[PDB]
Amino acid sequence: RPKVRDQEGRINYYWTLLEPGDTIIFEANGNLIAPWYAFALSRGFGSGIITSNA
Amino acid sequence: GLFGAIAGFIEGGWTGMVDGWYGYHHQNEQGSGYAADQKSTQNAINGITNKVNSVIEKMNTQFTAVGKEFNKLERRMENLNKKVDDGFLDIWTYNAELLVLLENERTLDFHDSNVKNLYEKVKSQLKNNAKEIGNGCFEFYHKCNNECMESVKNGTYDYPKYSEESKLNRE
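Heads up: the protein sequence lines correspond to chains A and B, in order. As numbered in the authors' numbering, residues 220 to 264, 264A, 265 to 272 make up the first sequence, in order. Numbering of the second sequence is given in the authors' numbering, commencing with residue 1 and proceeding in unit increments.
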């Protein structure tokens, strides 16, 4: 691949939201970048993302 | 406006009147000056205040809404998102500007009628005891002291009481 940030390989990133009480299973025989940290989310209302230099 | 009072039968307003919107000016042997018609002014204020607040209060709060990111293969959806925002902006801009213009015209007619109606109220009180002159004034044919001026303003003028004097002064 063309170099990006001096690399020729790539790491693709994936995600999922695990519902309360469920189980996530990871099986692999190579090429895994394992989760180390994960986030327990709490949702609210009225928030959003803005782009600003203020 | 369509009633013809503002800069019509009334040459222009009074910078010397400070206690209201509509009112009277008088002159007699005991003095002169300006005084507002508090009943007419307050009703005009309440009407307008309700109108302004209706335009504002009936509007809903703009709730959080931001744009959305789309990737390079989602241009059709990005363009739909934009179409929705542009369409809503065009509708609200057109309506906001046109509403204000239509209501400003009506407010000025509202005021034009209110002062004209005040003029007619006095004309009906005075009948033949005064004559109409320009600038929205009634020139009395009898002596009208301060008690008389208050009586005319309050709509309690005792017309026949002054009729003998005016008949003589009218020649």
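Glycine included, every Cβ here is placed at the ideal spot set by N, Cα and C.
Proximity of residue i and residue j at Cβ, strictly below 9 Å
i, j, result
"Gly31/B", "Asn146/B", "yes"
"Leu102/B", "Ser40/B", "no"
"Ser166/B", "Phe140/B", "yes"
"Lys116/B", "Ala7/B", "no"
"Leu2/B", "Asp109/B", "yes"
"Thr107/B", "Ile56/B", "no"
"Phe70/B", "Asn81/B", "yes"
"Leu251/A", "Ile243/A", "no"
"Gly266/A", "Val84/B", "no"
"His25/B", "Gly12/B", "no"
"residue 182/B", "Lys123/B", "Any question about residue 182/B goes unanswered here, given that chain B covers just 1 to 171."
"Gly136/B", "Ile10/B", "yes"
"residue 174/B", "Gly264A/A", "The question about residue 174/B has no answer here: the residues shown for chain B are numbered 1 through 171."
"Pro254/A", "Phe245/A", "yes"
Neighbour-count burial assignment, residue i, 16 or more Cβ in a 10 Å radius
i, result
"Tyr256/A", "exposed"
"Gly23/B", "buried"
"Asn114/B", "buried"
"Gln226/A", "exposed"
"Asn129/B", "buried"
"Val52/B", "exposed"
"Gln125/B", "buried"
"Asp112/B", "buried"
"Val152/B", "buried"
"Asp37/B", "buried"
"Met77/B", "exposed"
Residue-chain proximity (residue i, chain B), Cβ-Cβ < 9 Å
i, result
"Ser270/A", "no"
"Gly263/A", "no"
"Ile244/A", "no"
"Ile267/A", "yes"
Under the three-state DSSP convention, the category residue i falls into
i, result
"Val223/A", "strand"
"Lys68/B", "coil"
"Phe245/A", "coil"
"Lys58/B", "coil"
"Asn28/B", "strand"
"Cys148/B", "helix"
"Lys127/B", "helix"
"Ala44/B", "helix"
"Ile10/B", "strand"
"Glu132/B", "strand"
"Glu165/B", "helix"
"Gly23/B", "strand"
"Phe138/B", "strand"
"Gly33/B", "strand"
"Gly155/B", "coil"
"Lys143/B", "coil"
"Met77/B", "helix"
Residue-level contact to chain A via CB, residue i, 9 Å cutoff
i, result
"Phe88/B", "no"
"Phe63/B", "yes"
"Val84/B", "no"
"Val100/B", "no"
"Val66/B", "yes"
Is there contact between the segment 39 to 56 of chain B and the segment 11 to 28 of chain B, where contact requires at least three CB pairs shorter than 8 Å?
Verdict: yes, contact present.
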